[PDB]
Every structure is written in structure tokens, then in C-alpha cells.
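The structure under discussion appears below in the form of C-alpha cells.
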Amino acid sequence: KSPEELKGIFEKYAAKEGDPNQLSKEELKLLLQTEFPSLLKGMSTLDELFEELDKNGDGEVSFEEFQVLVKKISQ
Ligand SMILES: [La+3]
């Protein structure tokens with residue numbers, strides 16, 4: 001539940017598919033799977049999360065956008 005682990009695990013998944021410098025639906029999906037499968041139960045579907053996370057329009061859910069989830073994962 002550490003922060004350093006978030007980066008590590010994150011990259012561990014971001015490196016899974018495509019460049020680890022960018023997250024994806026399938027990529028994040030996995031994370032959201034193990035990382036927080038409960039967040040998947042939310043009313044925010046994968047696609048919803050994907051589009052939700054990306055509020056810039058790059059397609060990459062970099063850790064930056066991820067920090068946005070940490071908020072929901074906090075509440
Ligand atoms: La982005």
C-alpha cells in the first residue's frame with residue numbers, strides 16, 4: 001500500500017503491454033484487477049474509467065491521470 005510500490009507495480013503493468021510510460025485500458029484493466037478490483041465494481045466501467053482517466057486527450061493514462069483514481073481509492 002506504499003507509494004513506491006504504486007510506481008513499481010504500475011510500471012510492472014505499464015511495461016506489460018506497450019510502453020510503460022503510458023497506461024492503457026487493457027493495461028490498467030489488469031492493474032485495476034489486482035491493484036483494486038473493487039474499484040471495478042464501481043459504476044464506472046472500464047471504458048468509462050479509460051475515458052474518465054484521460055481528461056487531456058492523449059490516450060495514455062500516465063501515472064498523472066492515475067493519481068486521479070487514488071482519490072476515489074482514498075474515499
Ligand atoms: La493522458
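Chain labels run A, B, ... following the order of the C-alpha cells; each chain numbers its residues from 1, and ligands are numbered from 1 in the order shown.
Environment of ligand 1, defined as every protein or nucleic acid residue with an atom within 12 Å of it and counting only C-alpha atoms and all ligand atoms, comprises residues 21, 22, 23, 24, 25, 50, 51, 52, 53, 54, 55, 56, 57, 58, 59, 60, 61, 62, 63, 64, 65, 66, 67 and 68 of chain A.
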So which bits of chain A end up helix (DSSP H, G or I) when you DSSP the backbone, as an mmCIF file with C-alpha atoms, in the first residue's frame?
data_model
loop_
_atom_site.group_PDB
_atom_site.id
_atom_site.type_symbol
_atom_site.label_atom_id
_atom_site.label_comp_id
_atom_site.auth_asym_id
_atom_site.auth_seq_id
_atom_site.Cartn_x
_atom_site.Cartn_y
_atom_site.Cartn_z
ATOM 1 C CA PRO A 3 3.672 4.867 -2.769
ATOM 2 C CA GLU A 4 6.919 3.439 -4.088
ATOM 3 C CA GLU A 5 5.083 0.181 -4.673
ATOM 4 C CA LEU A 6 2.468 2.033 -6.688
ATOM 5 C CA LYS A 7 5.142 3.202 -9.097
ATOM 6 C CA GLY A 8 6.814 -0.192 -9.199
ATOM 7 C CA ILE A 9 3.639 -2.205 -9.640
ATOM 8 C CA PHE A 10 2.379 0.468 -12.006
ATOM 9 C CA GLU A 11 5.386 0.155 -14.285
ATOM 10 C CA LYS A 12 5.232 -3.597 -13.809
ATOM 11 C CA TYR A 13 1.852 -3.404 -15.501
ATOM 12 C CA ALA A 14 2.529 -0.447 -17.766
ATOM 13 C CA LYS A 25 -7.429 0.114 -20.967
ATOM 14 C CA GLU A 26 -6.169 -3.451 -21.158
ATOM 15 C CA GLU A 27 -3.064 -2.491 -19.218
ATOM 16 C CA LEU A 28 -4.855 -0.592 -16.478
ATOM 17 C CA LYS A 29 -7.572 -3.226 -16.531
ATOM 18 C CA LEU A 30 -5.044 -5.717 -15.216
ATOM 19 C CA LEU A 31 -3.854 -3.316 -12.543
ATOM 20 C CA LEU A 32 -7.365 -2.280 -11.582
ATOM 21 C CA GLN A 33 -7.836 -6.032 -11.418
ATOM 22 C CA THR A 34 -5.247 -6.881 -8.791
ATOM 23 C CA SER A 38 -13.315 -3.334 -6.015
ATOM 24 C CA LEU A 39 -12.941 -0.116 -7.973
ATOM 25 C CA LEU A 40 -14.037 -2.113 -10.996
ATOM 26 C CA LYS A 41 -17.333 -2.797 -9.266
ATOM 27 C CA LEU A 46 -13.580 0.088 -17.850
ATOM 28 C CA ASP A 47 -14.210 2.278 -20.871
ATOM 29 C CA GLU A 48 -15.695 4.859 -18.534
ATOM 30 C CA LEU A 49 -12.563 4.727 -16.412
ATOM 31 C CA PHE A 50 -10.378 4.818 -19.501
ATOM 32 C CA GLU A 51 -12.101 7.883 -20.903
ATOM 33 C CA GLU A 52 -12.509 9.298 -17.416
ATOM 34 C CA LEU A 53 -8.842 8.950 -16.544
ATOM 35 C CA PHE A 63 0.636 7.945 -13.512
ATOM 36 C CA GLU A 64 -0.518 11.549 -13.611
ATOM 37 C CA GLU A 65 -4.067 10.611 -14.534
ATOM 38 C CA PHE A 66 -3.796 7.626 -12.224
ATOM 39 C CA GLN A 67 -3.351 9.911 -9.239
ATOM 40 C CA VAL A 68 -6.908 10.911 -10.060
ATOM 41 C CA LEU A 69 -8.051 7.415 -9.171
ATOM 42 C CA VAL A 70 -6.050 7.441 -5.959
ATOM 43 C CA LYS A 71 -8.666 9.973 -4.923
ATOM 44 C CA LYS A 72 -11.523 7.541 -5.420
#
